[PDB]
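# Secondary and tertiary structure notes
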Amino acid sequence: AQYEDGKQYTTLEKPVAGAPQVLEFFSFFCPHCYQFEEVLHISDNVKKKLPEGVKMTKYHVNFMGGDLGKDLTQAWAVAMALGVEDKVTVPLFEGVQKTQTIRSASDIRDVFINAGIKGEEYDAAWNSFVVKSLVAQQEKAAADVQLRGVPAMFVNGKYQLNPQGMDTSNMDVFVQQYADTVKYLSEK
């Protein structure tokens, strides 16, 4: 066929029930994740091609960058709770990988302050049980698919995107193939 299991995607032998429709995993330490966000804009091009009524989920992971990795998973929970994902994603990526100015939880906090989130509001979220459970959800979703690598995308808890099996000679063509594959899987 044109889309084949094991080529543009793989199928989970152990399907995950009740999973988010489109589920994306990343790490601010992850070099292809930086590309996916900054250069390729994968998330946004997938959205542009998803049907009506499909919601999109993005979670951070712990298994890169040790202690800071975990702080970043909690910070991403804060961002989700406050709904400020679109204001902190770029400076977090650049703070970790470009300028390397993020070395502690306090530096992560600085990024939010600079993006205009108020200190009191950040610290209250950071310490909230709503953020605790948001962290729990991120961990659980990644555990459910025994995730050992990022970037990763899963569709309906059953299919996993396989970007190694798409041409990379042209970045635009790669992105559209990726998004079209998500749409195909979505309609499956």
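Note: the structure precedes this text.
Notes on the structure follow. (Residues numbered from 1 in each chain as written, not as in the entry; some residues may be left out. Heavy atoms only, no water.)

### With respect to the pattern of salt bridges
Filter applied, for reference: Between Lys or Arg on one side and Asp or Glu on the other, a salt bridge is scored when a side-chain nitrogen of the former is within 4 Å of a carboxyl oxygen of the latter. Strands are runs of DSSP state E lasting at least two residues, helices are runs of H or I lasting at least four, and both sets are numbered from the N terminus onward. Each residue's exposure class comes from its accessible area (1.4 Å probe, protein chains only) as a fraction of the maximum for that residue type: buried when under 20%, exposed when over 50%, partly exposed otherwise.
Within the structure shown, the criterion is met by seven salt bridges. Residues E37 and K58 are paired through a salt bridge, measuring 3.7 Å at the closest nitrogen-oxygen approach. With a gap of 21 residues between them, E37 in helix 1 (residues 31-38) and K58 in strand 3 (residues 56-60) connect regions that are remote in the sequence. A salt bridge links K183 to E187; the shortest N-O distance between them is 2.7 Å. The class for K183 is partly exposed, based on a relative accessible area of 32%. Several salt bridges share partner residues, and in doing so they unite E24, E37 and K58 into one network.

### Section: the nonpolar core
How we decide: To form a nonpolar core, buried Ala, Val, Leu, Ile, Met, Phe, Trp, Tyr and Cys residues must be joined to one another through side-chain atoms within 4.5 Å.
Of all hydrophobic cores here, the largest spans 42 residues; its most connected members are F25, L92, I108, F112 and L147. Among the elements that line this core, the one with the most residues is helix 3 (residues 66-82), at eight residues. Counting residues in hydrophobic clusters, the runner-up holds 18 residues, among them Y9, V155, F174 and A179.

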